[PDB]
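This is what each chain is made of:
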Amino acid sequence: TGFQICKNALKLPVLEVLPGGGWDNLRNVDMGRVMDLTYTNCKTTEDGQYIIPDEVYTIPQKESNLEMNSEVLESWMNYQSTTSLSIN
Amino acid sequence: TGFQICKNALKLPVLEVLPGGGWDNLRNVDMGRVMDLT
Amino acid sequence: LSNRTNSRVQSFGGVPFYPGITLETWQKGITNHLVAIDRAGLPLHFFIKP
Amino acid sequence: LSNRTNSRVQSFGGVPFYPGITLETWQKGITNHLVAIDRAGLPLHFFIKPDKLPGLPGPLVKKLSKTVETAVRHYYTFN
Amino acid sequence: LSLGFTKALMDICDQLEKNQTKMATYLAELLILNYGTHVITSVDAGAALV
Amino acid sequence: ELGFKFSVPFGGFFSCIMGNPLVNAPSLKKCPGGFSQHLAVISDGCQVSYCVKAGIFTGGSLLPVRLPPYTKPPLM
Amino acid sequence: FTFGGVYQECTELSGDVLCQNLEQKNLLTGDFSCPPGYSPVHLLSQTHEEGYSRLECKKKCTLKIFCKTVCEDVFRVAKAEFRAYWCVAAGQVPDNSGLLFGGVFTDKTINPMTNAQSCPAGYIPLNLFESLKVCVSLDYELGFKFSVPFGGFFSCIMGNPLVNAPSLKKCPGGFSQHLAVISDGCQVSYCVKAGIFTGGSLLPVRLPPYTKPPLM
Ligand SMILES: *[C@@H]1O[C@H](CO)[C@@H](O)[C@H](O)[C@H]1NC(C)=O
Ligand SMILES: *[C@@H]1O[C@H](CO)[C@@H](O)[C@H](O)[C@H]1NC(C)=O
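The rules behind these values
Residues numbered from 1 in each chain as written, not as in the entry; some residues may be left out. Chains lettered and ligands numbered in written order. Part of a larger assembly, values for the part shown. Heavy atoms only, no water. Disulfide = S-S within 2.5 Å. UniProt positions renumbered as here; feature names shortened; annotations may be inferred. Buried < 20%, exposed > 50% of the residue type's maximum accessible area, 1.4 Å probe, protein only. Helix = DSSP H or I, 4+ residues; strand = E, 2+ residues; numbered from the N terminus. Pairing = 2+ DSSP bridges. Axes fitted to C-alpha atoms, helices over the stretch in contact; angles between N-to-C directions. Contact = heavy atoms within 4.5 Å. Expected span 1.5 Å × (residues − 1). Arc of directions from axis to C-beta. Salt bridge = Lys/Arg side-chain N within 4 Å of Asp/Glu carboxyl O.

J.: Account for the UniProt feature "disulfide bond" in chain F, naming residues and giving values.
T.: Residues and elements named next belong to chain F. Between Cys16 and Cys46, where UniProt places a disulfide, the sulfurs come within 2.0 Å of each other, which fits a bond. For the pair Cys16 and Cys46, a shared accessibility class is recorded, and that class is buried. The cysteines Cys31 and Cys51 carry a UniProt disulfide annotation, and their SG atoms are 2.0 Å apart, under the 2.5 Å mark, so the bond is there. One end of the pair, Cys31, is in the loop between β1 (10–15) and β2 (35–43); the other, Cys51, is in strand β3 (residues 46–53), and 20 residues separate them in sequence.

Spelled out as structure tokens, the structure:
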């Protein structure tokens with residue numbers, strides 16, 4: 001179950017986000033792998049970026065959300081007082 | 001059902017938006033692949 | 001002086017949006033990224049037939 | 001004169017941030033670095049069936065599922 | 001199913017077959033520790049930046 | 001024909017202050033029969049809802065693609 | 001239990017600038033009231049101040065012959081008191097005629113019921129506090145498959161009256177309290193099932209089978 005042959009044949013990085021592991025809802029971390037992942041056929045992703053194992057499939061739900069909130073508050077206060085007195 | 005051969009032959013990417021999967025009418029998400037894509 | 005700028009971007013497919021892109025490049029960058037914007041299905045009990 | 005500039009940047013996946021990168025480079029640098037942000041799961045005791053394990057008999061895997069689910073219930077009730 | 005998890009199920013089934021509820025609970029707890037509570041069936045690979 | 005092939009059978013209207021009079025004179029804001037109520041619009045806090053068949057709208061982005069068969073595969 | 005709706009009464013004590021958006025009537029009645037068969041319960045009454053500069057021009061005529069238009073700006077600190085109430089089932093209300101609870105979210109918190117700072121489809125964001133939004137759902141099936149059965153609200157000064165007149169800030173039955181928002185140190189919490197809300201980022205995807213594995 002080694003995908004190094006897939007890397008040598010396709011020269012492409014294999015996807016690192018793979019489901020099928022055991023997750024505790026209590027502490028929220030991964031404990032181990034329950035699924036077995038194989039790379040016999042070196043199943044590649046549709047768009048040619050990764051080589052998913054034969055036991056998973058990827059749906060291209062590509063979404064991008066960008067939010068930019070810029071708030072500028074400027075205050076200025078200038079006071080000038082010139083007093084001139086002349087007694088002759 | 002490996003399409004890699006087509007990629008090495010024609011040097012042209014493959015369609016990613018493909019039908020034939022199961023879609024639940026309740027939560028509205030794909031659950032699996034039903035039809036076979038050769 | 002007071003300036004308030006609020007930007008909201010919601011994309012579906014295509015190059016992941018960033019502030020430094022124009023619409024021409026975004027549209028020309030759809031040649032490899034696509035998402036199913038609409039779909040139509042059939043009941044699965046309707047397939048299993050002789 | 002008083003100047004106070006505070007920037008807090010939190011990243012999940014992609015090239016690590018630093019003030020020397022433009023947003024274009026960060027957005028294009030996510031080609032290899034990927035992090036699962038959201039995920040969904042199913043309870044482990046629901047996949048335990050003879051249909052999943054034809055080798056073992058019915059009542060044995062049934063008792064296995066029963067003890068697994070009661071162990072999960074005890075686990076959840078302890079906390 | 002993965003080899004280690006199948007082996008753990010084999011061990012639990014064998015312990016239960018011997019009519020022993022003492023070590024069975026401990027082994028079940030150990031399995032829960034090793035493999036969590038829920039098996040992930042779907043993920044969303046992506047990135048975030050705030 | 002266009003309505004029969006596209007429109008959905010109607011149950012009635014009811015609002016924050018007036019109900020459907022087709023229930024069976026007291027007025028109740030409840031869809032009669034097998035019709036379910038769904039929100040349409042909110043006007044200054046007054047709820048507006050309409051009664052339609054639950055079979056048609058199931059709350060899914062999937063298109064209700066229903067054409068033939070008009071009967072299940074008949075048995076031998 | 002049955003939740004008949006909520007409404008936030010807004011009373012102006014100086015000007016009419018703060019209650020223009022901070023008021024919210026009951027969804028079912030379109031007013032600051034409760035549907036028949038429900039008892040309005042005081043959820044929380046609090047206050048809010050806000051300073052604003054108003055520019056106004058006045059045409060002053062001295063001696064009826066010297067007329068001048070003078071524009072002056074005044075910085076006034078408007079004060080408004082807002083009272084939020086809630087409608088609970090007084091008795092055997094008709095079923096399923098009523099409203100359901102789909103979770104809450106603020107500008108600083110995250111709503112696990114939708115993993116986002118919004119509401120699910122079929123849900124209306126209703127304004128209760130200065131930053132608290134409530135997901136309100138009307139469809140019976142949509143609420144049954146998405147929303148969660150509810151027990152009641154309670155605040156720092158008023159408890160849920162459904163306990164079993166002394167008032168206790170306790171969730172009855174197997175229901176549990178969870179935070180919604182903090183309004184000037186007054187804790188606000190709601191009672192829901194502990195099974196659905198486990199405080200885990202895992203999405204509770206519970207669908208089929210609807211039974212434990214049947215024996216042979
Ligand atoms: C920011 O404030 C300036 C005033 O100095 C104004 O001209 C400009 O339109 C405002 N917005 C942006 C995006 O610059
Ligand atoms: C620093 O102080 C100067 C005043 O000399 C001001 O113009 C500037 O906006 C302040 N901040 C930065 C980041 O330079």
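Moving on from the coordinates now.
J.: Break down the sheet that holds strand β2 (residues 35–43) of chain D for me, citing the residues and quoting the values.
T.: Taken in spatial order, the 4 strands make up an open sheet running β2(A)-β1(A)-β1(E)-β2(D), and their pairing is antiparallel. Either end of the sheet is taken by a strand with one partner, and the two such strands are β2 (30–33) of chain A together with β2 of chain D. Neighbouring strand axes in the sheet, compared pairwise and without regard to direction, differ in orientation by 40° on average. With 2 bridges joining them, strand β1 (residues 21–23) of chain A and strand β1 (residues 38–46) of chain E adopt antiparallel strand pairing. Within the sheet, the bridge partner assigned to A:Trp23 lies in β1(E) and is E:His38. Along the sheet, helix α2 (residues 21–35) of chain E makes contact with β1 and β2 of chain A, crossing β2(A) at roughly 95°.

J.: I'd like to hear about helix α1 (residues 3–17) of chain E, residue by residue, with values.
T.: The α-helix winds at 3.6 residues per turn, so residues separated by three or four positions along the chain end up facing the same way. All names here are of chain E. Over its 15 residues, α1 runs 21 Å from end to end, which matches the ideal 21 Å to within 8%, given 1.5 Å per residue. Among the residues of α1, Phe5, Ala8, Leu9, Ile12, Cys13, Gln15 and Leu16 are the ones counted as buried. Looking straight down α1, one finds its buried side chains confined to an arc of 160°; they lie on one side. Exposed side chains of α1 directed beyond 90 degrees from the buried face belong to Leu3, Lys7 and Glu17.

J.: Can you explain the pattern of salt bridges? Please cite residues and give values.
T.: Residue and element names in this part refer to chain G. Applying the stated rule across the entire model yields 3 salt bridges over all chains. In this structure, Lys79 and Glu49 form a salt bridge, with 3.9 Å as the shortest nitrogen-oxygen distance. In this pair, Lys79 is assigned in strand β3 (residues 66–89) and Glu49 in strand β2 (residues 38–62), connecting sequence segments 30 residues apart. On the basis of relative accessibility, which here comes to 54%, the residue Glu49 falls in the exposed class. Between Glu81 and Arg83 there is a salt bridge, and its shortest N-O distance comes to 3.1 Å. When its relative accessible area of 16% is taken as the criterion, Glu81 is described as buried. Through salt bridges with shared partners, a single ionic network connects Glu9, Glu81 and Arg83.

J.: Give me the lowdown on the pairing of strand β5 (residues 123–127) of chain G, citing residues and values where you can.
T.: Residues and elements named next belong to chain G. Looking at chain direction, β5 and strand β6 (residues 133–137) are connected through 5 bridges and run antiparallel. What sits directly across from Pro125, in β6, is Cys135. Between the antiparallel neighbours β5 and β6 lie 5 residues.

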